[PDB]
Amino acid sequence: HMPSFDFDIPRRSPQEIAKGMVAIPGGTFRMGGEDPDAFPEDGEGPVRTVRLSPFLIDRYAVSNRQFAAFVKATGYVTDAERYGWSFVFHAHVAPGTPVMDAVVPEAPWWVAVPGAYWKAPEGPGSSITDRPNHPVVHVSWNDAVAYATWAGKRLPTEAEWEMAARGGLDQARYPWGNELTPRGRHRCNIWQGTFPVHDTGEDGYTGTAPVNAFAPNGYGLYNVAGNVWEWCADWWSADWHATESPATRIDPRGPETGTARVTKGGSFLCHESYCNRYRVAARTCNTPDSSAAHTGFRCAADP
């Protein structure tokens, strides 16, 4: 991918770039999943051994405060601002807010809301004044790449994301193990209740949570499961990685062309009875200028 930017890339030191990042040492891990309830179209399988070079990855998804500093330094205009609208979950649209009649096929709970963007995540009248440490949302893949490049960083590949998110466990269901709520404690911000009608907020949040909410995983990463979907670098496919080759098993970058970029980790909307996509092996995608109230990103970097 060759992006184009309207701002110069600032000079940064290695110690500056590394702040708030964890160093993931080079090695192998078992990527993917073979849960028999996985949707075949998602291509969670096959489970395979992948070797990665050492890399750095953010402990936290990029926050509102951090994205605001990027915009202040660059004047960057997000895709949602250029389009003039972004997707908001229906329960979070205040009554009377102007809305487009647009319907996402098979997902009527998404509302296209004029004027919804990162600083007004539910549309005109909303603000992030009380969410400075929440993950930035309504950021497209393009916006995420622009931020990461400005920060001296990049998006993680899907394999880097999953190795970091698995936190040193071998083929566990979640970042922390195989139980959703070990010892009866919530470990991530997903949906409880009846999707999409009523979120009981049993885990504390019926929207995004601060980027440092909940226990981290074994590598020190926070909210890799739940909270917000996270953009990765790869083009999406369901079967490129089924090939057993160096390109798919050693620092794999995904297919060279595609239509949608990979997103990982699930969000505050995921639930077992609809998508079941908060398992660490889960994956989906979205087109690269798309944005939504449940999608953000964390950065990676080469040491």
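Residue numbers here begin at 1 and follow the sequence given. Note that the rigid core is defined as the largest set of C-alphas that superpose within 1.5 Å between two forms.
- Taking the rigid core as the alignment reference, the C-alpha atoms of 103 to 111 lie farther on average from the displayed form in 9 other deposited structures of this protein than those of the other stretch among 158 to 166 and 103 to 111.
- As recorded in the PDB entry, 93 to 101 is the stretch of 93 to 101 and 228 to 236 with the greater mean C-alpha temperature factor.
- Comparing 244 to 252 with 36 to 44, the higher mean C-alpha B-factor in the PDB entry belongs to 36 to 44.
- In this entry, the residue among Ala159, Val136, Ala112, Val197 with the greatest C-alpha B factor is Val197.
- Take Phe29, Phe67, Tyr278, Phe55 and read off each C-alpha B-factor from the entry; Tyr278 has the highest.
- Ranked against the other modelled residues of its chain, the C-alpha B-factor of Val22 as given in the entry falls in the middle third.
- For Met2, the recorded CA B-factor ranks within the highest third of the chain. Only modelled residues enter the ranking.
- In the deposited entry, the Cα temperature factor of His294 places it in the middle third of its chain's modelled residues.
- Sort the chain's modelled residues by C-alpha temperature factor and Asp170 lands in the middle third, per the entry.
- Among all modelled residues in this chain, the alpha-carbon of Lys153 has a temperature factor (C-alpha) in the lowest third.
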